[PDB]
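To begin, one chain is listed below as structure tokens, in the form solved without its partner chain.
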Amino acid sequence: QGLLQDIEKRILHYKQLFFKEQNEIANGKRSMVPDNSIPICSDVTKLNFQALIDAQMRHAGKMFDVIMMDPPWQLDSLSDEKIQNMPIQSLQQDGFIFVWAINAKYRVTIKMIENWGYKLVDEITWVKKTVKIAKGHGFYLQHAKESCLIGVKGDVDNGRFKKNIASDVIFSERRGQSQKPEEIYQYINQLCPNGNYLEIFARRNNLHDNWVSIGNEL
């Protein structure tokens, strides 16, 4: 293979990328992260939500117009009871909530939001384009989509939230999964623009402007 010199060549070449990246970082290399996101790395079991409530009330008049969820249902394996127990009720007072329900937990999710005081009103459908179908092995029917359950509480009569703006159906590719479609945040914009948002169990991919993001991998 004549491959001692080979291996010595990949090493000196690889180190210069490190010596390059760390210097650009020192020179202000930007992140993909937008500059207005508020990432928080915590464990929702160990996190104190009064700190988030005090701080948001403090620097904002308001509370959250939208909440997004993608719970780590155990089938990162968070106890079912534990998720139900998060004080979501206190995090938001008037507005919408979004939560992604895998087929296994669709009924449980509905029970969950209803428990937290929301009224189920709508569901987003995300089909997974081959690029145009999705093959997933259902127990009873194959799965070509996951769904976003939408609950509402309070006065949305305000112009703050705009009705009849957005779709039920999203058509994105199965980017990098487990990863949701970006055009969720586009839809949330349409539904309520320039608003205070919250995402729980977020990942670095999720971070967007205006969004408070909580996830243990941030």
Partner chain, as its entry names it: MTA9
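Positions refer to the first chain, counted from 1.
Although not depicted, the form solved in complex with its partner chain is the subject of the following passage.
Asker: Can any non-hydrogen atom of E182 be found within 4.5 angstroms of its partner chain in the deposited bound form?
Answerer: Heavy-atom contact with its partner chain at 4.5 Å: absent for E182.
Asker: Closest heavy atom of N103 to its partner chain in the deposited bound form, within 4.5 Å or not?
Answerer: Yes, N103 is a contact residue.
Asker: Is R175 close to its partner chain in the deposited bound form, meaning a heavy atom pair under 4.5 Å apart or at it?
Answerer: No, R175 stays farther than 4.5 Å from its partner chain in the deposited bound form.
Asker: Check whether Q74 has any heavy atom within 4.5 Å of a heavy atom of its partner chain in the deposited bound form, and answer yes or no.
Answerer: Taking the distances in the deposited bound form, the answer for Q74 is no, it never comes within 4.5 Å of its partner chain.
Asker: Check for me: heavy atom within 4.5 Å of its partner chain in the deposited bound form, for each of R107, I110 and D122, yes or no.
Answerer: Yes, the whole candidate spot contacts its partner chain.
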